[PDB]
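Notes follow once the structure below has been shown.
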Amino acid sequence: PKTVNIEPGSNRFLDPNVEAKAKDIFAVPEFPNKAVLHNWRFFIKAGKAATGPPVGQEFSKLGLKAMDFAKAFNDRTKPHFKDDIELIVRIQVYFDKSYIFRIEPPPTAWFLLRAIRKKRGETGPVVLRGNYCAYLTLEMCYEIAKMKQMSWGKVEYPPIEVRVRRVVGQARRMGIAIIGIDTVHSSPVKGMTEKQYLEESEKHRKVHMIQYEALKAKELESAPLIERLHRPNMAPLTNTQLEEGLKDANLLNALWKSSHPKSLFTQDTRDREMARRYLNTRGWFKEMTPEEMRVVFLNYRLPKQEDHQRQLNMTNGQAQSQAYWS
Amino acid sequence: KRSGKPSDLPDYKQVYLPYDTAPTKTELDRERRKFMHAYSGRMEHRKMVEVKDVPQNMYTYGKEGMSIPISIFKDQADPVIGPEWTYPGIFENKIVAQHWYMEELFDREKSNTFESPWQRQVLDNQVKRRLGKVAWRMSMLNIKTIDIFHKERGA
Amino acid sequence: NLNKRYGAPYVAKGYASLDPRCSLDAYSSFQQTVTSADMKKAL
Amino acid sequence: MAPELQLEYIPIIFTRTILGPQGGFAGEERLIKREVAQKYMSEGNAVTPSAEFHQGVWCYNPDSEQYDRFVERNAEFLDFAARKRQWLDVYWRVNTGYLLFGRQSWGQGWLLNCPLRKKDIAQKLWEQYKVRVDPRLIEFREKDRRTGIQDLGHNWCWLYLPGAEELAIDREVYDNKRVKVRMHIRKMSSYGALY
Amino acid sequence: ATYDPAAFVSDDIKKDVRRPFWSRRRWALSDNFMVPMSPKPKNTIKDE
Amino acid sequence: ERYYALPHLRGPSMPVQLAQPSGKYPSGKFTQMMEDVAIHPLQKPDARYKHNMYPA
Amino acid sequence: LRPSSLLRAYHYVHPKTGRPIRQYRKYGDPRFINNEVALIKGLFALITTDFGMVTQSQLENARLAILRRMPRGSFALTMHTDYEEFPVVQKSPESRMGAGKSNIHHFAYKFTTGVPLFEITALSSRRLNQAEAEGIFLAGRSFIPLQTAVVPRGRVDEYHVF
Amino acid sequence: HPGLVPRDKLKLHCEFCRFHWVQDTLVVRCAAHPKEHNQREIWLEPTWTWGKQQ
Ligand SMILES: [Zn+2]
């Protein structure tokens with residue numbers, strides 16, 4: 001009937017409404033560069049924080065009337081919240097006894113038991129319990145994963161498609177057999193043939209790549225300048241070169257210079273060939289002209305978009321163009 | 001543990017259907033009949049096992065337009081589920097996310113035949129763990145002598 | 001405590017100094033040829 | 001044929017691939033002991049050489065675990081089942097054998113006073129078992145790489161049977177490239193002892 | 001078609017290395033669990 | 001008299017695709033750097049808490 | 001005579017009389033070095049690198065100790081028993097008070113080199129390490145009166161265990 | 001202090017359990033659990049002679 005939005009994967013983060021007050025409370029009062037004494041962690045309900053043994057005790061071990069914090073907690077957690085949402089509080093006590101606490105979304109194990117409607121004790125790993133518990137489908141984990149962000153300052157990264165494999169694994173480790181995997185057949189649809197279902201995935205599953213890469217590359221271009229530096233791959237080196245290349249570092253130097261994507265500073269024939277004359281005495285790579293090295297001695301962690309942008313000779317023409325200006 | 005568990009378990013409130021053609025009763029228990037089993041363990045040690053608490057209709061179960069009760073905020077109801085290709089990497093995760101025995105992964109690398117371009121990433125994150133289970137295995141032995149299986153086991 | 005008094009060419013010695021390799025090279029010369037000129041030089 | 005006089009060993013074409021000394025492998029003709037062979041022709045690992053089997057025989061692969069693999073014995077295979085037999089005959093001969101010694105040993109450390117040479121193992125291989133090898137292959141243990149064997153009782157040392165890769169010979173012998181020849185040094189007085 | 005005894009046949013007089021007590025971790029890995037050689041009594045090998 | 005003796009070599013002496021697995025648990029010298037391992041002092045690995053936290 | 005009409009190879013029984021065969025002392029002498037290696041099929045097995053005479057009570061006390069140090073649901077110990085048994089104090093003046101009945105009853109095995117004794121065999125995809133393995137056997141090895149070393153799955157590569 | 005019959009049986013049970021050369025005998029000395037976890041290698045007494053302990 002009504003599909004809310006037809007786009008190849010634009011439902012990545014929450015609604016800007018709920019994502020507005022998502023980080024209003026899930027924020028990190030910045031580390032004062034003090035020396036932490038205790039990093040406590042609690043489960044606390046929406047606003048039902050008491051001065052009892054769960055909270056008030058560990059303060060009272062240190063003489064802090066935690067009758068105050070609970071209020072300062074409820075100064076931030078009593079509204080905004082569906083009833084009975086057990087949050088995690090990361091209380092952090094410094095050597096001046098001044099605490100600083102981040103409220104955090106409920107543990108994903110709490111999410112998982114909700115989204116499947118199972119109580120404590122009903123769920124279990126099959127090797128302890130013998131049965132897959134409540135089903136799920138990947139379509140659901142993608143929304144448990146949207147309220148679970150590592151950096152609640154940067155809700156974007158790590159990406160969603162990369163932190164759903166996290167919540168999926170935590171699920172399987174609890175017995176939550178999701179349907180898209182773990183089973184012979186995916187979720188059956190009244191729409192079309194399995195082929196007319198698989199032929200509509202082979203396009204979607206790859207359209208996501210140019211979506212996922214670009215988001216993996218756009219994040220790369222913002223990464224620290226050292227993260228874009230060159231780190232040659234070590235899959236080619238065989239484990240006797242890989243060991244004879246650890247006793248004398250000279251080989252792991254001449255290698256780096258030998259297989260280094262072309263830049264304005266590495267277009268020195270003698271420099272790049274000085275290495276190439278060191279390896280041959282060591283009987284290392286000898287039948288691989290510079291090109292087929294760069295395509296194998298590249299930082300594999302590069303997104304495929306930029307995996308090419310540095311690839312000789314794509315970076316040979318404009319190579320001598322880009323320089324330290326002045 | 002008792003704490004950190006949900007007490008109130010809201011129920012699946014189907015928002016809008018994902019189809020115009022009703023899935024007639026006859027075929028419902030004809031496809032659900034296939035789901036009451038789900039594999040487990042991924043090697044020669046493949047174990048087709050049973051799944052308890054099977055939902056009844058999976059044309060409607062999660063493929064679109066149902067709600068999930070992870071209701072958290074005040075103004076955010078049980079969020080609706082957009083269609084499949086509206087979530088990123090889902091039919092790509094279907095290739096990646098699963099129990100991977102390294103026995104089954106290293107024959108894929110030494111033959112460079114990955115079904116997915118991320119199984120090279122689920123491999124490292126899997127070996128980078130097992131090395132950690134050692135660099136912690138040993139940064140403990142620099143304290144004392146910890147000997148495996150040397151204390152009683154069982155009852 | 002041999003190999004201290006005697007050399008390494010002791011105990012680690014395959015005293016079979018007769019034919020570990022020559023027999024092979026014998027079948028090598030077998031392969032190539034001998035002919036008129038190979039006798040004419042002998043002539 | 002008589003119940004009294006029975007062939008002490010009989011001809012046999014192996015269908016399976018048995019590990020043991022009396023064993024063979026796919027398709028070779030071997031005269032193995034009668035009692036053993038008779039529980040092969042019932043077992044199916046072997047079949048008496050009828051004129052038909054002398055060309056091909058349906059040997060066995062552990063892959064599908066049934067007699068499917070046709071191994072045709074042309075003159076080329078008969079140059080393969082010879083080098084592969086002649087090889088694992090040296091194996092099963094030194095591995096089965098237990099080559100003895102008689103040596104002099106005065107003093108207390110139960111130490112053979114003139115310890116053994118790799119010459120003096122190939123010498124007791126060719127003497128007793130007629131196994132003619134290169135004494136350059138016999139690797140001693142770590143305890144006896146320095147001083148030779150040197151001690152009474154049971155010593156063993158490794159004999160390296162090199163040329164076993166084009167014979168496709170593994171899992172039918174205990175170790176493709178070695179074999180444990182098993183010494184024993186039975187000390188004796190000047191009456192019966194040498195050196 | 002040459003086999004050189006020297007490649008694979010290695011007769012090296014190797015120094016039996018002490019279990020290094022001077023470092024803690026390498027003392028624990030080296031703990032070859034056959035130190036229960038204490039059952040080496042030259043017991044009756046053909047009777048009981 | 002029968003004399004048993006090795007056949008002549010037609011292929012590689014030490015078996016390669018026929019090698020029996022080593023037979024001792026292959027915990028390599030690099031997964032537990034027990035001994036026999038030599039590393040350049042510039043390239044010292046894995047001090048993520050001691051002296052790799054401030055790498056050079 | 002001597003061995004025939006065996007009682008399934010545990011001990012030989014006289015052909016013309018159901019009495020046990022009462023062999024010689026140095027019959028089945030373990031003082032060989034066993035040529036045939038063992039193709040263990042458990043994950044790890046405890047082979048005897050030396051030779052000796054080991055009782056059944058010494059082998060059962062070892063099992064009761066191995067069965068303590070082992071994870072229960074995962075690995076199931078496997079103890080081999082097909083080997084042949086042998087008598088004890090049998091002879092008549094060589095027994096105490098003419099009680100040849102109560103001395104021979106003990107049955108001990110004559111183990112050569114490299115016989116497998118136990119097996120930490122697997123019942124799941126759970127795995128073991130040599131450190132995780134020797135730790136188990138280190139309890140029982142202190143009862144089995146002869147020298148023994150644990151070996152991993154498959155054919156014991158006796159180049160290394162020795 | 002239980003003489004750990006061979007030297008090789010020595011194991012450092014506690015964090016404070018270290019090795020020491022107590023007169024040519026490698027031993028384990030711990031400040032904590034002072035004699036509870038102490039181990040001493042088997043060797044001749046510190047002051048032996050050639051006729052008394054060979
Ligand atoms: Zn202690």
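Order determines the names: the first chain of the structure tokens is A, the second B, and so forth; residues in each chain are numbered 1 upward, and ligands are numbered 1 upward as they are shown.
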
Chain D: residues DSSP assigns to alpha helix (DSSP H), reported as a VMD selection string: chain D and resid 34 to 41 77 to 96 119 to 128

Restrict the selected residues to C-alpha atoms and save them as an mmCIF file, in the first residue's frame.
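Contents of part-v1.cif, as written:
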```cif
data_model
loop_
_atom_site.group_PDB
_atom_site.id
_atom_site.type_symbol
_atom_site.label_atom_id
_atom_site.label_comp_id
_atom_site.auth_asym_id
_atom_site.auth_seq_id
_atom_site.Cartn_x
_atom_site.Cartn_y
_atom_site.Cartn_z
ATOM 1 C CA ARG D 34 47.461 -67.335 3.257
ATOM 2 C CA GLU D 35 45.680 -66.762 6.561
ATOM 3 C CA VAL D 36 45.778 -62.994 6.113
ATOM 4 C CA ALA D 37 44.765 -63.082 2.456
ATOM 5 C CA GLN D 38 41.855 -65.411 3.135
ATOM 6 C CA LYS D 39 40.257 -62.765 5.346
ATOM 7 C CA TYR D 40 40.723 -60.290 2.494
ATOM 8 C CA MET D 41 38.930 -62.214 -0.246
ATOM 9 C CA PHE D 77 51.113 -48.708 -13.837
ATOM 10 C CA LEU D 78 53.261 -51.832 -13.628
ATOM 11 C CA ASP D 79 56.237 -49.487 -13.543
ATOM 12 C CA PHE D 80 54.452 -47.551 -10.797
ATOM 13 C CA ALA D 81 53.407 -50.454 -8.589
ATOM 14 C CA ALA D 82 57.000 -51.661 -8.727
ATOM 15 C CA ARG D 83 58.766 -48.505 -7.574
ATOM 16 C CA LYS D 84 55.951 -47.984 -5.094
ATOM 17 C CA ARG D 85 56.338 -51.526 -3.829
ATOM 18 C CA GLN D 86 60.135 -51.575 -3.927
ATOM 19 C CA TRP D 87 59.940 -48.392 -1.865
ATOM 20 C CA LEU D 88 57.551 -49.506 0.847
ATOM 21 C CA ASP D 89 59.312 -52.802 1.040
ATOM 22 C CA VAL D 90 62.345 -51.014 2.442
ATOM 23 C CA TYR D 91 59.928 -49.245 4.758
ATOM 24 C CA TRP D 92 58.118 -52.294 6.102
ATOM 25 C CA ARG D 93 61.378 -54.200 6.342
ATOM 26 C CA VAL D 94 63.307 -51.814 8.569
ATOM 27 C CA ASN D 95 60.186 -50.830 10.491
ATOM 28 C CA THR D 96 59.325 -54.456 11.206
ATOM 29 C CA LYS D 119 78.363 -46.580 9.450
ATOM 30 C CA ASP D 120 77.547 -49.212 12.090
ATOM 31 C CA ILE D 121 73.798 -49.007 11.519
ATOM 32 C CA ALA D 122 73.820 -49.266 7.749
ATOM 33 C CA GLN D 123 76.202 -52.125 8.478
ATOM 34 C CA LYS D 124 73.651 -53.905 10.664
ATOM 35 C CA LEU D 125 70.934 -53.031 8.192
ATOM 36 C CA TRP D 126 72.729 -54.682 5.306
ATOM 37 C CA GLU D 127 73.948 -57.502 7.534
ATOM 38 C CA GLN D 128 70.677 -58.680 9.026
#
```

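Those residues that approach range 150-167 of chain A to within 7 Å, counting only C-alpha atoms, are residues 12, 23, 26, 27, 141, 142, 145, 148, 169, 170 and 171 of chain A; 88, 89 and 97 of chain B; same-chain residues fewer than 2 positions away are not listed.
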
Contacts of residue 149 in chain D within 7 Å, only C-alpha atoms, excl. fewer than 5 positions in-chain, as a list in words: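 Within the cut-off, the hits are residues 115, 116 and 144 of chain D.
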
Contacts with ligand 1 at most 6 Å, only C-alpha atoms and all ligand atoms counted, listed as a ChimeraX atom specification: /H:13-14,17,30,33,37

Chain G contacts on chain E, only C-alpha atoms, 10 Å, as a list in words: residues 29, 31, 32, 33, 34, 35, 36, 37, 38, 39, 40, 41, 42, 43, 44, 45, 46, 47 and 48 of chain E

Atom pair CA of residue 34 in chain A / CA of residue 143 in chain B: separation (Å): 28.6 Å

Straight-line distance linking CA of residue 153 in chain D with CA of residue 185 in chain D, stated in Å to one decimal: 5.1 Å

Distance-based interface of chain E with chain D, 10 Å, counting only C-alpha atoms, as a PyMOL selection string: chain E and resi 1-6+8-16

Chain F contacts on chain G, only C-alpha atoms, 7 Å, as a VMD selection string: chain G and resid 130 156 to 157 160

Distance query residue 133 in chain A at most 8 Å, only C-alpha atoms, self and fewer than 5 positions along chain excluded, as a list in words: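 Everything that qualifies: residues 122, 123, 124, 175, 176 and 177 of chain A; 51, 52 and 53 of chain B.
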
DSSP-assigned strand (DSSP E or B) members of range 10-95 of chain G, reported as a ChimeraX atom specification: /G:12-13,20,39-48,52-55,75-77,85-86

For the residues in that selection, give me C-alpha atoms as a short mmCIF file (atom, residue, chain, number, x, y, z; two decimals), in the first residue's frame.
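What ended up in result-v3.cif:
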```
data_model
loop_
_atom_site.label_atom_id
_atom_site.label_comp_id
_atom_site.auth_asym_id
_atom_site.auth_seq_id
_atom_site.Cartn_x
_atom_site.Cartn_y
_atom_site.Cartn_z
CA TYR G 12 43.77 -66.76 27.12
CA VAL G 13 41.74 -69.68 28.44
CA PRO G 20 42.88 -69.23 32.78
CA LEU G 39 45.90 -43.86 14.97
CA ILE G 40 44.01 -42.20 17.80
CA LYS G 41 40.63 -40.76 16.89
CA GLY G 42 40.00 -38.71 19.99
CA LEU G 43 41.06 -35.11 20.10
CA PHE G 44 43.96 -36.03 22.40
CA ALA G 45 45.14 -39.36 23.72
CA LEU G 46 47.56 -40.46 26.41
CA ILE G 47 50.11 -42.81 24.84
CA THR G 48 52.78 -44.64 26.82
CA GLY G 52 55.78 -51.37 31.81
CA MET G 53 53.14 -53.43 33.55
CA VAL G 54 50.11 -51.39 34.57
CA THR G 55 47.23 -52.69 36.65
CA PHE G 75 34.51 -33.76 26.16
CA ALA G 76 33.85 -37.38 27.07
CA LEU G 77 36.90 -39.34 28.17
CA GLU G 85 45.65 -58.78 30.56
CA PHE G 86 48.18 -60.81 32.48
#
```

Interface list for chain B, partner chain F, 10 Å threshold, only C-alpha atoms, as a VMD selection string: chain B and resid 131 134 to 135 137 to 138

Please save N, CA and C atoms of the selected residues as a CSV table (one decimal), in the first residue's frame.
```
chain,number,residue,atom,x,y,z
B,131,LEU,N,43.9,-13.2,18.8
B,131,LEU,CA,45.3,-12.7,19.3
B,131,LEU,C,45.1,-12.0,20.6
B,134,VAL,N,45.2,-14.0,23.6
B,134,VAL,CA,46.5,-14.4,23.9
B,134,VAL,C,47.3,-13.3,24.6
B,135,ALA,N,47.3,-12.1,24.0
B,135,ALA,CA,48.0,-11.0,24.6
B,135,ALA,C,47.4,-10.7,25.9
B,137,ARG,N,46.1,-13.5,27.6
B,137,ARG,CA,46.6,-14.8,28.1
B,137,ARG,C,48.0,-14.7,28.7
B,138,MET,N,48.8,-13.9,28.2
B,138,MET,CA,50.2,-13.8,28.6
B,138,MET,C,50.5,-12.6,29.5
```

Enumerate, in order of chain and increasing residue number, the residues of chain G with an atom no farther than 10 Å from chain D, each with its shortest atom pair and distance in Å to one decimal, counting only C-alpha atoms, as a tab-separated table.
```
residue	atom	partner	partner_atom	distance
G:31	CA	D:154	CA	8.6
G:32	CA	D:154	CA	8.1
G:33	CA	D:182	CA	7.3
G:34	CA	D:182	CA	9.3
G:35	CA	D:95	CA	6.2
G:36	CA	D:174	CA	7.8
G:37	CA	D:174	CA	6.9
G:38	CA	D:174	CA	9.2
G:39	CA	D:174	CA	9.2
G:155	CA	D:174	CA	7.5
G:156	CA	D:174	CA	8.6
G:157	CA	D:175	CA	7.3
G:158	CA	D:180	CA	8.7
G:159	CA	D:158	CA	8.0
G:162	CA	D:141	CA	8.8
```

Let me see the file: selected residues, N, CA, C and O atoms, as an mmCIF file, in the first residue's frame.
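What follows is the written file out-v8.cif:
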```
data_model
loop_
_atom_site.group_PDB
_atom_site.id
_atom_site.type_symbol
_atom_site.label_atom_id
_atom_site.label_comp_id
_atom_site.auth_asym_id
_atom_site.auth_seq_id
_atom_site.Cartn_x
_atom_site.Cartn_y
_atom_site.Cartn_z
ATOM 1 N N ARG G 31 59.159 -55.365 26.660
ATOM 2 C CA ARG G 31 60.465 -54.768 26.438
ATOM 3 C C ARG G 31 60.819 -54.683 24.962
ATOM 4 O O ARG G 31 61.996 -54.543 24.630
ATOM 5 N N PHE G 32 59.838 -54.784 24.073
ATOM 6 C CA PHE G 32 60.000 -54.285 22.717
ATOM 7 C C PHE G 32 60.014 -52.765 22.694
ATOM 8 O O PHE G 32 59.851 -52.091 23.712
ATOM 9 N N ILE G 33 60.226 -52.235 21.497
ATOM 10 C CA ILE G 33 59.804 -50.892 21.126
ATOM 11 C C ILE G 33 58.778 -51.044 20.018
ATOM 12 O O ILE G 33 59.110 -51.486 18.913
ATOM 13 N N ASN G 34 57.530 -50.709 20.314
ATOM 14 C CA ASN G 34 56.451 -50.996 19.384
ATOM 15 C C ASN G 34 56.647 -50.235 18.088
ATOM 16 O O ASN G 34 56.758 -49.009 18.086
ATOM 17 N N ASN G 35 56.678 -50.966 16.980
ATOM 18 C CA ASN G 35 56.838 -50.333 15.686
ATOM 19 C C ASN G 35 55.580 -49.637 15.217
ATOM 20 O O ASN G 35 55.672 -48.548 14.646
ATOM 21 N N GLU G 36 54.415 -50.231 15.450
ATOM 22 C CA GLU G 36 53.155 -49.717 14.936
ATOM 23 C C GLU G 36 52.712 -48.558 15.807
ATOM 24 O O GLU G 36 52.628 -48.686 17.033
ATOM 25 N N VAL G 37 52.470 -47.418 15.181
ATOM 26 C CA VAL G 37 51.987 -46.250 15.895
ATOM 27 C C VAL G 37 50.487 -46.409 16.059
ATOM 28 O O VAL G 37 49.875 -47.292 15.451
ATOM 29 N N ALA G 38 49.886 -45.568 16.888
ATOM 30 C CA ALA G 38 48.457 -45.621 17.147
ATOM 31 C C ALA G 38 47.771 -44.490 16.405
ATOM 32 O O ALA G 38 48.207 -43.338 16.473
ATOM 33 N N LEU G 39 46.701 -44.829 15.697
ATOM 34 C CA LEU G 39 45.898 -43.857 14.967
ATOM 35 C C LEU G 39 44.724 -43.430 15.842
ATOM 36 O O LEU G 39 43.577 -43.808 15.625
ATOM 37 N N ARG G 155 47.291 -39.626 13.570
ATOM 38 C CA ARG G 155 48.445 -40.497 13.731
ATOM 39 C C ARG G 155 49.507 -39.842 14.587
ATOM 40 O O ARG G 155 50.000 -38.765 14.254
ATOM 41 N N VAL G 156 49.861 -40.494 15.692
ATOM 42 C CA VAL G 156 51.002 -40.050 16.478
ATOM 43 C C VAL G 156 52.233 -39.988 15.589
ATOM 44 O O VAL G 156 52.634 -40.986 14.983
ATOM 45 N N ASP G 157 52.827 -38.804 15.484
ATOM 46 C CA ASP G 157 54.055 -38.648 14.715
ATOM 47 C C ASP G 157 55.215 -38.891 15.666
ATOM 48 O O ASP G 157 55.805 -37.973 16.239
ATOM 49 N N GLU G 158 55.554 -40.167 15.816
ATOM 50 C CA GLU G 158 56.489 -40.600 16.842
ATOM 51 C C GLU G 158 57.889 -40.048 16.624
ATOM 52 O O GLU G 158 58.793 -40.343 17.408
ATOM 53 N N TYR G 159 58.100 -39.256 15.575
ATOM 54 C CA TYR G 159 59.363 -38.543 15.505
ATOM 55 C C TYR G 159 59.453 -37.499 16.593
ATOM 56 O O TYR G 159 60.550 -37.185 17.061
ATOM 57 N N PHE G 162 59.031 -38.620 20.921
ATOM 58 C CA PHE G 162 60.178 -39.297 21.514
ATOM 59 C C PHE G 162 61.412 -38.413 21.612
ATOM 60 O O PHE G 162 61.693 -37.601 20.734
#
```
